[PDB]
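Okay, so here's the structure we're looking at.
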Protein chains: 8
Amino acid sequence: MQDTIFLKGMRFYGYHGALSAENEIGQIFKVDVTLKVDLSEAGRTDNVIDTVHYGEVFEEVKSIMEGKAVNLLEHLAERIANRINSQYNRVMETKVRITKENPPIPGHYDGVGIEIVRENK
Amino acid sequence: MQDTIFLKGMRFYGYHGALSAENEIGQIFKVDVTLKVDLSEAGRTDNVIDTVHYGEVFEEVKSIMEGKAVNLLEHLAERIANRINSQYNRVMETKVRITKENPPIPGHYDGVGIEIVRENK
Amino acid sequence: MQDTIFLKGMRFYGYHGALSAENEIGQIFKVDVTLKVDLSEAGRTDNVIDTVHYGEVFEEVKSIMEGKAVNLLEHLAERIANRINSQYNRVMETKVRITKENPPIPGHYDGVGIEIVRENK
Amino acid sequence: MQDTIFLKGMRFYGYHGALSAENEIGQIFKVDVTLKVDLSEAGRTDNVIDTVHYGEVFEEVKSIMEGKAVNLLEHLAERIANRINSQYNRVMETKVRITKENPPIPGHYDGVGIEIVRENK
Amino acid sequence: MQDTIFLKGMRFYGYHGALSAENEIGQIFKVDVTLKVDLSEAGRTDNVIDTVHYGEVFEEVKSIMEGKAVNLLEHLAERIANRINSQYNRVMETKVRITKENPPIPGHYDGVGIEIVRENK
Amino acid sequence: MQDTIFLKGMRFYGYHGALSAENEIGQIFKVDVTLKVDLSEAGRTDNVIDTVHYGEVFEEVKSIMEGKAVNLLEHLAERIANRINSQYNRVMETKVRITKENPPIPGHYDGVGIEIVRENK
Amino acid sequence: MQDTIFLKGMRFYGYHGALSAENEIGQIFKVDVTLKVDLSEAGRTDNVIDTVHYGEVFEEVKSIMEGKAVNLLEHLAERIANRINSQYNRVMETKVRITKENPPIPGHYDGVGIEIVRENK
Amino acid sequence: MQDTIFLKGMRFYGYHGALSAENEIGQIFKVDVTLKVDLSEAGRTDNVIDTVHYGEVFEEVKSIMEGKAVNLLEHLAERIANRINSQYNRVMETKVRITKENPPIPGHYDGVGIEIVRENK
Ligand SMILES: Cn1c(=O)c2nc(N)[nH]c2n(C)c1=O
Ligand SMILES: Cn1c(=O)c2nc(N)[nH]c2n(C)c1=O
Ligand SMILES: Cn1c(=O)c2nc(N)[nH]c2n(C)c1=O
Ligand SMILES: Cn1c(=O)c2nc(N)[nH]c2n(C)c1=O
Ligand SMILES: Cn1c(=O)c2nc(N)[nH]c2n(C)c1=O
Ligand SMILES: Cn1c(=O)c2nc(N)[nH]c2n(C)c1=O
Ligand SMILES: Cn1c(=O)c2nc(N)[nH]c2n(C)c1=O
Ligand SMILES: Cn1c(=O)c2nc(N)[nH]c2n(C)c1=O
């Protein structure tokens with residue numbers, strides 16, 4: 001099964017970061033979420049109830065990215081993946097990518113970050 | 001076999017959507033279509049008859065994206081995949097991606113959507 | 001005097017629009033603000049008090065773009081220009097540009113909108 | 001008066017061109033339209049009747065770009081400018097820009113084209 | 001072995017096409033070439049003789065894209081793949097992608113095209 | 001008179017440069033050309049003879065950018081402006097912009113260059 | 001005289017900022033420099049001595065952007081403009097633009113900043 | 001395990017190259033680094049000590065890209081991969097991509113380069 005649902009380039013202003021100054025000032029975090037879901041029934045019925053609603057998905061992502069400040073990107077991505085899988089049975093697997101296009105790194109790069117893939121149990 | 005034929009970034013203005021206001025106003029839908037096809041004969045002969053004509057492919061995609069208004073993206077992608085496979089034997093498999101870069105989602109993201117891969121029977 | 005202060009590409013999700021469906025669903029509004037201000041003293045002193053603070057400027061723009069829903073872009077731009085000039089004497093003139101990259105217009109365009117220039121009285 | 005209304009990046013597939021092969025095949029034409037209009041009343045009242053409706057403007061542009069095939073870009077831009085000024089008194093002046101990003105020119109360039117500014121009489 | 005050598009976004013103005021008008025006028029063709037090659041020796045020695053020279057590769061691609069006019073993209077990609085493999089033993093496999101961002105297709109899309117992967121015999 | 005004709009982003013691979021190594025290796029030069037021309041007659045008649053043909057213009061630019069290697073950008077832009085004005089009476093003024101996006105400058109910048117405006121005598 | 005010399009998109013990682021946390025962490029500053037200079041002699045002679053060398057210009061900009069940490073953008077732009085005019089007589093006027101694409105501003109915008117134009121005395 | 005850590009679009013100005021003129025003048029090298037690392041513990045603990053610090057990673061990449069001049073890209077990528085794996089046990093595998101967007105290649109392409117994947121021993 002290679003069907004997916006996606007939310008690309010979501011961006012949030014949060015105060016996460018290991019450096020005290022990071023949590024003080026804050027920055028923009030870019031998030032990509034890809035969910036493994038079978039979409040043939042929904043594609044057959046045309047009934048939004050036979051699939052996963054993204055607006056809802058976006059609400060989960062948001063509430064986490066714009067919530068309490070944490071240290072690592074790995075913690076935010078793990079809270080999002082775990083949160084999405086717990087609420088939706090149809091999501092067979094969840095992939096979370098978080099990019100920090102402007103970390104406290106003296107240099108020229110397009111962005112830094114992490115990505116994780118969490119299968120639904 | 002890893003050969004493909006592609007039509008990237010096709011965009012259509014349709015009135016699909018689960019929200020009544022969506023079907024009223026309308027929006028732009030971006031579509032990516034990748035077809036699995038063996039192109040060595042055509043690459044050998046140089047005869048357009050030994051391959052799949054995209055302009056035709058685009059016509060199928062268009063007629064569906066700019067046709068009657070439906071509820072889900074999964075329905076549009078399933079009508080396109082099913083329609084392409086039924087008309088072309090050379091297409092061993094069809095992948096359809098539809099992006100809604102501006103859904104009724106209060107936030108900042110690059111786009112939301114779905115993707116499906118339908119092997120030809 | 002050709003010095004300016006600028007805030008480019010600010011984007012807000014608001015429910016402004018003349019069509020009822022527009023106010024229902026909402027969309028993203030992109031805003032560009034250019035202020036006429038003499039920056040030689042501040043450039044000489046290096047004292048933020050001798051110039052106009054943008055973060056503050058952004059707060060004014062935001063509070064208007066993300067406030068009550070209105071009909072026209074001309075009303076939002078006029079509320080922003082009038083609001084910026086009333087609060088800052090150093091701003092000799094204010095230019096406001098608002099773009100609706102996705103209005104209820106069946107077609108392919110990069111965006112539509114208005115721009116106004118309001119000298120400070 | 002430096003207020004304006006704009007429609008940027010409109011794109012149409014038309015068959016205009018001096019070369020017979022151009023009119024046969026066709027291409028995409030990108031159009032930018034900037035109208036000189038006083039928007040303080042509309043910005044004051046918030047009444048769409050006190051300003052120029054772009055969707056209407058876009059309809060005029062479209063009907064010309066997607067109408068009969070002509071030879072020059074100068075003819076299309078002159079038909080659009082003349083057409084916009086004749087229908088709207090509030091438009092003090094109209095600027096039309098048409099770009100042919102893919103003319104029959106053997107080379108590497110981003111695009112070619114013309115621009116005209118037509119004051120309303 | 002997942003090492004590769006690449007030449008991305010090469011663009012050529014050629015007169016290939018099935019439509020007579022296409023061969024008359026011409027257009028820009030974008031080409032992506034990815035070659036499978038083991039680069040540890042060259043990465044170890046730092047000797048350009050232990051690897052595949054791209055400038056040479058580009059010369060082969062060019063001479064084909066800017067040579068006699070043919071009908072299909074599949075023919076150009078097959079002439080390039082076959083030509084690269086015949087001249088270089090180190091290339092274990094060659095992938096050719098050709099995009100026609102402006103074919104004679106009445107519509108709005110980012111580009112159309114084909115891709116092929118040819119293992120070296 | 002604010003009408004213009006334009007050729008944007010033309011790019012050529014030439015060996016111009018003050019540094020011997022520059023003339024040896026070569027680089028890509030990006031060129032923008034804006035010509036002042038009255039386009040109302042041509043816009044009225046639709047006759048390409050009542051205006052300035054760009055393809056021709058591009059040929060002049062090309063023959064200079066891809067010709068003998070010189071030292072300065074100012075020399076190339078002056079040869080182009082002077083060449084365009086001498087051949088076309090309708091061009092009331094010519095503006096030439098040449099960008100070196102990759103000069104021998106150790107740093108991170110989008111590009112360097114010059115621009116000149118030459119009225120036709 | 002409308003000739004200019006330009007350096008666009010220069011970017012530097014500096015620790016300037018009014019907020020202590022800003023000077024601690026640092027960020028990327030984007031700089032645009034446009035110099036008013038008559039380039040007809042240099043365009044006539046082709047002698048780099050009859051014009052202003054940008055690499056040198058870039059060195060001045062750099063040494064200031066990557067030097068001691070200051071409070072305002074207005075101070076950096078004033079040090080650059082003043083520094084360029086003092087060293088080059090041919091520069092009739094200097095324009096400096098500095099953008100902070102990621103200031104400590106909780107929001108979504110493309111960038112904030114200032115611009116100044118300093119005529120040479 | 002499909003988790004990764006990434007640093008995309010890092011760019012450095014180095015003097016590497018097989019052509020003497022290349023080492024003389026220099027150019028910008030773009031680097032992409034993807035590291036295979038298990039991020040569930042760190043995602044669970046939120047402790048930066050349970051993962052690989054990128055700023056450190058960037059320092060290794062930098063010191064190599066901005067160090068002594070070498071001949072091939074394969075040598076730089078092999079020094080980076082080997083250097084990252086030797087210093088971090090958590091990195092199960094390292095992928096290095098280096099692009100030369102402006103090599104001494106007379107043509108129009110987006111960039112050329114190599115990529116390697118080095119599993120950690
Ligand atoms: C905030 N933050 C992170 O999340 C992080 N994750 C890794 N792997 N390294 C990190 N650093 C340095 C950091 O500052
Ligand atoms: C129109 N529309 C869809 O097609 C859709 N598909 C999914 N999975 N969720 C959807 N929502 C919320 C929607 O409004
Ligand atoms: C919401 N809205 C506007 O603000 C507007 N301003 C002009 N000039 N025309 C407009 N239309 C059609 C609209 O729907
Ligand atoms: C279609 N077409 C034009 O409109 C045009 N306008 C100018 N000035 N030159 C032109 N050429 C060559 C052309 O083919
Ligand atoms: C020039 N040309 C092609 O190469 C081609 N290849 C496929 N598969 N279809 C094609 N058409 C319609 C075309 O015009
Ligand atoms: C090739 N080249 C130029 O054309 C040039 N023009 C100015 N003003 N400065 C220049 N330098 C340094 C250069 O190398
Ligand atoms: C660092 N910094 C500035 O340079 C600045 N310049 C203006 N006008 N406002 C500014 N703020 C808020 C700031 O933090
Ligand atoms: C500097 N340099 C390289 O690193 C390289 N690597 C390959 N495979 N070919 C190369 N050429 C031509 C070059 O000039």
Side-chain angles (χ1 to χ4, degrees), chain B residues 6-33 54-55 57-76 80 96-114, chain C residues 6-33 54-55 57-76 80 96-114:
Chain B
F6 59 93
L7 284 113
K8 311 211 55 216
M10 301 177 286
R11 299 137 177 316
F12 310 98
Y13 201 89
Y15 295 84
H16 320 282
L19 170 44
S20 311
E22 255 179 321
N23 308 317
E24 195 172 323
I25 280 182
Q27 64 205 254
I28 275 281
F29 298 78
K30 175 214 206 153
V31 181
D32 285 317
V33 165
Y54 0 92
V57 179
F58 174 83
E59 301 300 326
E60 306 296 335
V61 183
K62 148 142 145 206
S63 99
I64 289 176
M65 293 303 286
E66 282 172 36
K68 147 229 208 277
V70 290
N71 291 331
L72 321 173
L73 287 197
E74 287 85 330
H75 197 36
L76 303 154
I80 294 170
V96 193
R97 185 185 186 113
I98 303 188
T99 300
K100 248 167 169 211
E101 308 202 324
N102 289 277
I105 296 166
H108 311 84
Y109 39 80
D110 287 344
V112 301
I114 59 119
Chain C
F6 59 93
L7 284 113
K8 311 211 55 216
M10 301 177 286
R11 299 137 177 316
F12 310 98
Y13 201 89
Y15 295 84
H16 320 282
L19 170 44
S20 311
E22 255 179 321
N23 308 317
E24 195 172 323
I25 280 182
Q27 64 205 254
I28 275 281
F29 298 78
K30 175 214 206 153
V31 181
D32 285 317
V33 165
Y54 0 92
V57 179
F58 174 83
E59 301 300 326
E60 306 296 335
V61 183
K62 148 142 145 206
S63 99
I64 289 176
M65 293 303 286
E66 282 172 36
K68 147 229 208 277
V70 290
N71 291 331
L72 321 173
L73 287 197
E74 287 85 330
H75 197 36
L76 303 154
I80 294 170
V96 193
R97 185 185 186 113
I98 303 188
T99 300
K100 248 167 169 211
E101 308 202 324
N102 289 277
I105 296 166
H108 311 84
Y109 39 80
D110 287 344
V112 301
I114 59 119

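Lettering of chains follows the sequences in order, A, B, ..., and the numbering in each one begins at 1.
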Worksheet item: Among B/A21, B/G26, B/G14, B/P103, who wins on heavy-atom pairs under 4.5 Å with chain C?
Response: B/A21
Listing needed: what donor-acceptor pairs below 3.5 Å join chain C with chain B?
| residue | atom | partner | partner atom | Å |
| --- | --- | --- | --- | --- |
| C/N102 | OD1 | B/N102 | ND2 | 2.9 |
| C/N102 | ND2 | B/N102 | OD1 | 2.9 |

Discussion item. Would you say that C/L19 contacts B/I25 through its side chain, given a criterion of any heavy-atom pair below 4.5 Å between the two side chains?
Written reply: yes
